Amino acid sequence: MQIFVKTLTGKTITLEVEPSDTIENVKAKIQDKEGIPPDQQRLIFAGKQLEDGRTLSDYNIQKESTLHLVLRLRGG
């Protein structure tokens, strides 16, 4: 299956996943594909902020489901 990750910049990221991937796995894939480190990523689906240790299947995320990516901000 494919899922989509929608940003707040008008960009949609397409990902190749399987139902049993954890959220951690998904953020690693985003790093691989897009160059964003996992620690800066917050993923949201159906109004909830997703947890690293749970799986796509745990949140009912299926074929063509859309997650949302919001970045942390760290300044110094």
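Note that residue numbering begins at 1 and tracks the sequence as displayed.
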Query raised in the report: Of 5, 73, 1, 70, which one's C-alpha B factor is largest in the deposited record?
Result: 1
Report task. Name the third of the chain's ranked CA B-factors that contains residue 46, choosing lowest, middle or highest. Result -> highest
Query raised in the report: Sorting the chain's CA B-factors, does residue 22 end up in the lowest, middle or highest third?
Result: middle
Requested in this report: Give the position of residue 60 by CA B-factor within its chain, expressed as the lowest, middle or highest third.
Outcome: middle
Query raised in the report: Which third of the chain does residue 34 land in by C-alpha B-factor: lowest, middle or highest?
Result: middle
